[PDB]
Amino acid sequence: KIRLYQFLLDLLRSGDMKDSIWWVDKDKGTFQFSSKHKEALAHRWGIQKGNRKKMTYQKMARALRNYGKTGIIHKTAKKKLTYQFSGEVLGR
DNA sequence: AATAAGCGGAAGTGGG
DNA sequence: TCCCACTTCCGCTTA
Ligand code: NA
């Protein structure tokens, strides 16, 4: 099954949910979710995974928090809804 | 207060 | 057995 970081990188590459997520500085791997439209993207993540419950942005961000300990995706301090893929993730 | 978001421990579920 | 990669639940904190 696809991993969350790959789902997000794939969305950013395809542009299929451009009103829910976008690059801020793609060379640095920084991206941001839409305050008003992030739930639609969270719903899609849960459906792609086949999870029992409806996925929410909060539960998705809880998963993203675990990536911050390992560095796969860092949450930018002093900003809202803004994250940064590691260099390794961006290399493919 | 209402709303939004951050924070994160702990326990539950998948698939090895 | 026991870790993976989240998911779900709960509650406190900050804005
Ligand atoms: Na536990």
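These numbers come from the heavy atoms of this one structure, side chains and all, not from hydrogens, waters or symmetry mates. In what follows, every chain begins at residue 1, and chains take the letters A, B, ... in the order their sequences are listed.
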For nucleotides 9-11 of chain B, tabulate all protein N/O to nucleotide N/O atom pairs closer than 3.5 Å, reporting atom names and distance.
from: B:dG9; atom 1: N7; to: A:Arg62; atom 2: NH2; distance (Å): 2.9
from: B:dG9; atom 1: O6; to: A:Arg62; atom 2: NE; distance (Å): 2.9

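- Taking the side chain to side chain contact (heavy atoms under 4.5 Å, CB included) definition, one finds that A:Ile47 meets it with nothing, sequence neighbours left out.
- Dashed line: the shortest gap from a side-chain N or O of A:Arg3 to OP1 or OP2 of C:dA5 is under 4.0 Å.
- Counting any heavy atom pair closer than 4.0 Å across all strands shown, A:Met55 reaches sugar-phosphate atoms only and no base atom.
- Considering only heavy atoms from C-beta on, A:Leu11 stays 4.5 Å or farther from A:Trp45 through its side chain.
- Only A:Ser35, A:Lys38, listed by number, bring a heavy atom of residues 30-38 of chain A to less than 4.0 angstrom from any atom of DNA chain B.
- OP1 and OP2 of C:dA5 both lie 4.0 Å or more from every side-chain N or O belonging to A:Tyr67.
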Side-chain donor-acceptor contacts of residues 64-77 of chain A below 3.5 Å, not counting sequence neighbours, with atom names and distances?
from: A:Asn66; atom 1: OD1; to: A:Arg62; atom 2: NH1; distance (Å): 3.2
from: A:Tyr67; atom 1: OH; to: A:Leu4; atom 2: N; distance (Å): 3.4
from: A:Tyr67; atom 1: OH; to: A:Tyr5; atom 2: N; distance (Å): 3.0
from: A:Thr70; atom 1: OG1; to: A:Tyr67; atom 2: O; distance (Å): 3.2
from: A:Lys75; atom 1: NZ; to: A:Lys79; atom 2: O; distance (Å): 3.4

Please report, to 0.1 Å, the donor-acceptor pairs under 3.5 Å made by any side chain of residues 53-61 of chain A, with sequence neighbours excluded.
from: A:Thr56; atom 1: OG1; to: A:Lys59; atom 2: N; distance (Å): 3.1
from: A:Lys59; atom 1: NZ; to: A:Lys54; atom 2: O; distance (Å): 2.8

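- Protein atom CG of A:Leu4 is 6 Å distant from nucleotide atom P of C:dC6, rounded to whole Å.
- Counting only Watson-Crick and G-U wobble pairs whose two key distances fall under 3.5 Å, DNA chain B forms stems of three or more stacked pairs at B:3-13 with C:5-15.
- In this structure, A:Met60 places its CE atom 12 Å from P of B:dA5, rounding to the nearest Å.
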Using residues 21-28 of chain A as the side-chain source, report each donor-acceptor pair under 3.5 Å to any protein atom, sequence neighbours left out, with the distance given to one decimal.
from: A:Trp22; atom 1: NE1; to: A:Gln32; atom 2: OE1; distance (Å): 3.3
from: A:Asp25; atom 1: OD1; to: A:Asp27; atom 2: N; distance (Å): 3.1
from: A:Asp25; atom 1: OD1; to: A:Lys28; atom 2: N; distance (Å): 3.4

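- Within the 4.0 Å cut-off from OP1 or OP2 of B:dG14, at least one side-chain nitrogen or oxygen of A:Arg52 is found.
- No side-chain heavy atom of A:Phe31 sits under 4.5 Å from any side-chain heavy atom of A:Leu9.
- Between the NZ atom of A:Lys49 and the P atom of C:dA5 there is a distance of 11 Å, given to the nearest Å.
- Atom CG in A:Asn51 sits about 11 Å away from atom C1' in C:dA5, given to the nearest Å.
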Note to self: Counting primed atoms plus P, OP1 and OP2 as sugar-phosphate and everything else as base, spell out the protein contacts along nucleotides 10-15 of chain C at 4.0 Å heavy-atom distance: B, S or - for each nucleotide, 5' to 3'.
What the structure shows: BB----
Check: So A:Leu81 and A:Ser35, side-chain contact (heavy atoms from CB on, under 4.5 Å) or not? Walk me through it.
Finding: CA-CA 8 Å; A:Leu81 315 180; A:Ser35 176; 4.0 Å; yes
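- Using a 4.0 Å cut-off, no side-chain N or O of A:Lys59 falls inside it from OP1 or OP2 of C:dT7.
- Looking at A:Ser20, its side chain never comes within 3.5 Å of a backbone N or O of A:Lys18 through a donor-acceptor pair.
- One finds no side-chain N or O of A:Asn66 lying less than 4.0 angstrom from the OP1 or OP2 phosphate oxygen of C:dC6.
- Remark: A:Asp16 engages A:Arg44 in a salt bridge (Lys or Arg N to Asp or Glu O under 4.0 Å) (not counting sequence neighbours).
- Within the 4.0 Å cut-off from OP1 or OP2 of C:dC6, not a single side-chain nitrogen or oxygen of A:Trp45 is found.
- Within the 4.0 angstrom heavy-atom criterion, only backbone atoms of the sugar-phosphate kind lie near A:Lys53; the bases stay farther away.
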